[PDB]
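One structure is given here, and the rest of the page talks about it.
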Amino acid sequence: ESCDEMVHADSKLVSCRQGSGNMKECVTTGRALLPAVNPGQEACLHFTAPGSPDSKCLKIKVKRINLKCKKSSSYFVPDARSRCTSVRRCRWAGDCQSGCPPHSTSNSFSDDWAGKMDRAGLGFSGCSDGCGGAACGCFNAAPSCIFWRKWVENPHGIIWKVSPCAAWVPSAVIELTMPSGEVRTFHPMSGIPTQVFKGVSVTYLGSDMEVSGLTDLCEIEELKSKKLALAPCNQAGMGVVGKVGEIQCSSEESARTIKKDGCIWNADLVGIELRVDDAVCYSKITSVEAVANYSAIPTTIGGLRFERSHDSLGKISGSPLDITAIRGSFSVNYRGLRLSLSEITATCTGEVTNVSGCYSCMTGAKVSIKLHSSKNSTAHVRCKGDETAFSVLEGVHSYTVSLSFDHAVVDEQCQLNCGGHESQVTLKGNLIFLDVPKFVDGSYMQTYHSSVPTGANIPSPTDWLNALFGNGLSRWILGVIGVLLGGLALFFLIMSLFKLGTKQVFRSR
Amino acid sequence: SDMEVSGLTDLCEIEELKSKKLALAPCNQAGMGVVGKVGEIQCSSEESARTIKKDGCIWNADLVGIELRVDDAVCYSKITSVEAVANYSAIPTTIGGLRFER
Ligand SMILES: *[C@@H]1O[C@H](CO)[C@@H](O)[C@H](O)[C@H]1NC(C)=O
Ligand SMILES: *[C@@H]1O[C@H](CO)[C@@H](O)[C@H](O)[C@H]1NC(C)=O
Ligand SMILES: *[C@@H]1O[C@H](CO)[C@@H](O)[C@H](O)[C@H]1NC(C)=O
Ligand SMILES: *[C@@H]1O[C@H](CO)[C@@H](O)[C@H](O)[C@H]1NC(C)=O
C-alpha cells in the first residue's frame, strides 16, 4: 500500500567497488529511527547511493498492538493420582528385633517392590511397625516390620503449559519485508532483542502503561483441549504448597511420566494412612479449577477485555477503549545486508488518474498513479505537505497510493520523478471530511487505537457557505444581494403575520 | 463454590477406636510442635502405637518431670488427657449455623 515517514538517515555511506563487473554493492550500515504509525500502515526506509540515482526501500507493516507479558520461565505441571502398596511379613529372625531402621536406613526395598520401573514416578520410602498375635499374622507379641511405598501416576496424560509473568509490557507484531524479496514476521518486545535477522534489529518502545488490578496473573494454557484460563500461578522451584505449583518436571515429553531426574517436588504432597496392614493413600493435589480468582477465556477484569488472539508465541491479549497513547516510535539498527542497484534507469513518465479520500484524517486521501517504464522498480515521489514512496513493476500497470493533504479543494502541482528522470503531475478533485467514529453496542476493540485528528474542530468559511447555492466566478455579489433581498422579504412577511395575529388576538375577545 | 465458615479456624476430627467416640477439639500440627495442648508423644501407626518404643515414636523435650530429695528420684505426671484442653466438643455439635453430626 502507501508509505510515509521517510528518514534518509545514512545516505551516501558506502565504500563499494566496480561491483562484480557492471554494478553491485557490498554493505550499508548506520542507524535510523521510525516514528509511530497507525495500525495498518507502512514505514518505508529509502536508501540513497552517490553513484546510483535511486535505490529500494524497506517497508514495516504493523497489524495489531496487544498487551502481552514477557516469558520469565516455562514448565509443565502434569496431573497426578494416588497409588500405594504394602506387604505384611514376620520377624522370624534377628532382622526385626526392635525396629525396622536401626539409625538411618531409608532404603526400604528388599529387591521386591515395584519401584524399579519407568512408569512408577516420584515417591517416598517410608516404613512402620506391626502388631503381634494370631490375628496380626505372626507368633510373637512384638512389633513386626511392615514396609509401605506410595507414588503418583498419570493414566490420562493431560499436559498444562504455565508461564509466570508479572511485567505486562506493550508489544506489537511486525511484518518486515527485506529489499531482496524475503518477507517474514516476528514479535518485538519493549526493550528485549527480537532475534535480529540479517542485521535488522528493529525494536518497539512503549509508554509504561499502568494496570488496574493486574498483580498476580499468569498465562496457563492447555494443550489437548486448547483451553485457556487466567489464574495466579506459582514461582520458580522454591515454592509453597497450597495453590497452583504442584509437581512439575523438565520438559513436555517428560511430563507424561512422573519419573525422577527432571521432576521436582519439595515435600508433603501425598499422605499415608493405615490402621491394620492396609496402607491406604488419600489424594491431596488440587486441580487447576480449585484455587480462587480462576477466570476463563473471556475476561473483563477492569477496563481491559482479555480476549484470545490467534497468534504464534502468545495466546493472551486484550484491548480497552480508545487510549490514544503518547508515542510508539521504533528503533532500527543495521549490522550487515546487501542490496543490488541497477543504475541503468531510462526515461519514465507518469500521470494522475483519480483522487479521493477523507480530509486530514486517519485513512487519508488515496491517489491512483499510473506509470510506464522498462525498469522493475525505480521511483521516488516528493512533494510539499507529504512524501510518499512506493514500488512499481515492469511495463504499464496501475497503482494506488495515499497522501496527507490539509485542504478540501486539492488543486496543486506536485513533482514526480522515477529513477533519474523527472516530470510534473497535477491533482484535481473534491474531498470530504470524516471525524472520529463513535462507539456502538455489541462491538469490542481488538488491538488498540493509535490517534485521532481533533485539532481544528472549527467550521471553515471557505469550504462552508459555498455549496448551498453554488460558485461561478463573479456572481458572489449577486448571490449575496439575492440572499439579502430574500431575507428582507421573509422578515417583512413574518412581521406582517405577527401583526395580523396580534390584531386578531387583541380584538374580538 | 468455596463456602466460607463462621468460626471454623482450628478444628480437627480426632476419633476413638475402641469405644468409637468422636469429638471436635483443636489439635496440634506435624512433628515440630509446642507442648501445652494436644499433641503429646505420637508414633508411626496404630499397630505401632501399642508400644512407646523408638523407631516411629517422636517426642521433642520436657514431657515428664523428675524430683528427688534423698535417693528417691520420684516422677510426677504432667501429660493431660484428651478431655483437658479448651473448646472440647462432643458428637453432637452446633457451633454456629452448622450442626456437626456423625
Ligand atoms: C483474589 O483477588 C482478590 C482481589 O484482587 C484478592 O483480595 C485475593 O487475595 C485473591 N485471592 C488469592 C488466593 O490470591
Ligand atoms: C479511476 O476512475 C474511477 C474513479 O473513482 C475509478 O472507479 C476507476 O476504478 C479508476 N480507474 C481504474 C483503471 O482503476
Ligand atoms: C524484475 O522482475 C521480474 C519478475 O518479477 C524478474 O524476473 C526480474 O529478474 C526482475 N529484474 C530485476 C532487475 O530485478
Ligand atoms: C476457644 O475458642 C474461642 C472462640 O473461638 C477462642 O477465643 C479461644 O482462644 C479458643 N481456645 C483455645 C485454647 O484455642
Inset, instruction - Note down all Cβ pairs under 9 Å where the first residue falls in the stretch B:41-55 and is touching a residue at least 12 places away in the same chain (Cβ under 8 Å) and more than 7 Å from chain A (Cβ to nearest Cβ), the second is outside any loop (DSSP other than H, G, I, E, B) and surrounded by fewer than 21 Cβ atoms within 10 Å (Cβ to Cβ), and they're at least six residues apart or on different chains. - result: B:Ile41/B:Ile58; B:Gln42/B:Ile58; B:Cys43/B:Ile58
Legend entry - All positions within the stretch A:1-31 that are surrounded by fewer than 18 Cβ atoms within 10 Å (Cβ to Cβ) and not in a loop (DSSP other than H, G, I, E, B): A:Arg31
Inset, instruction - Kindly indicate the residue of the stretch A:366-389 that is of a type in the set (A, V, I, L, M) and in a loop (DSSP other than H, G, I, E, B) and also nearest to ligand 1 (Cβ to nearest atom) among those meeting that condition. - result: A:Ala389
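Quick one: count up the residues across the stretch A:196-241 that are assigned to a strand (DSSP E or B) and within 16 Å of ligand 1 (Cβ to nearest atom).
Final tally of qualifying residues: 2.
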Legend entry - Residue in the stretch A:73-89 that is touching a strand residue (DSSP E or B) at 6+ places or on another chain (Cβ under 8 Å), within 12 Å of chain B (Cβ to nearest Cβ) and assigned to a strand (DSSP E or B) present: yes
Inset, instruction - Scan the stretch A:440-461 residue by residue and report those that are surrounded by 10 or more Cβ atoms within 10 Å (Cβ to Cβ), among the hydrophobic types (A, V, I, L, M, F, W, C) and farther than 29 Å from A:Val352 by Cα. - result: A:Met445, A:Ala456
Legend entry - Condition check for A:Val291: more than 16 Å from ligand 2 (Cβ to nearest atom), over 30 Å from A:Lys63 (Cβ atoms), within 14 Å of chain B (Cβ to nearest Cβ) and in contact with an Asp or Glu (Cβ under 7 Å, 6 or more places away or on another chain): no
Legend entry - Looking only at the stretch A:98-136, and only at residues there that are farther than 24 Å from A:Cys263 by Cβ and crowded, with 17+ Cβ neighbours inside 10 Å, the one that is farthest from the other protein chains (Cβ to nearest Cβ): A:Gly132
Inset, instruction - Quick one: which residue in A:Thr363, A:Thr347 is more than 16 Å from ligand 3 (Cβ to nearest atom), under 27 Å from the mean Cα position of the chain (by Cα) and in a loop (DSSP other than H, G, I, E, B)? - result: A:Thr363
Inset, instruction - Could you tell me whether A:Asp277 is surrounded by fewer than 18 Cβ atoms within 10 Å (Cβ to Cβ) and of a type in the set (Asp, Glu)? - result: no
Legend entry - Any hit, the stretch A:303-319, residues being surrounded by 13 or more Cβ atoms within 10 Å (Cβ to Cβ), more than 16 Å from ligand 3 (Cβ to nearest atom), hydrophobic (A, V, I, L, M, F, W, C) and not in a strand (DSSP E or B): yes
Legend entry - Cβ pairs under 7 Å, 6+ apart, first in the stretch A:205-221 and farther than 30 Å from A:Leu34 by Cα and touching a residue at least 60 places away in the same chain (Cβ under 8 Å), second among the hydrophobic types (A, V, I, L, M, F, W, C) and assigned to a strand (DSSP E or B): A:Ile220/A:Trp160; A:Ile220/A:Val162; A:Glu221/A:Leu228
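Out of everything in the stretch A:332-362 that is in contact (Cβ under 8 Å) with a residue 60 or more places away in the chain and within 16 Å of ligand 2 (Cβ to nearest atom), what residue ends up being nearest to the other protein chains (Cβ to nearest Cβ)? Break it down stepwise before answering.
First, the residues of the stretch A:332-362 that are in contact (Cβ under 8 Å) with a residue 60 or more places away in the chain: A:332-352, A:354-362.
So of that shortlist, the ones also within 16 Å of ligand 2 (Cβ to nearest atom) come out as A:350-352, A:354-358.
Numbers: A:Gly350: 71, A:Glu351: 73, A:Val352: 69, A:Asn354: 64, A:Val355: 64, A:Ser356: 59, A:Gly357: 57, A:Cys358: 54 Å.
The residue in question is A:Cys358.
Every read-out reported here was derived from the displayed coordinates using simple, explicitly stated rules and does not represent laboratory data. Note that we place each Cβ from the backbone using ideal geometry, even for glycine, and neighbour counts take in every protein chain shown.
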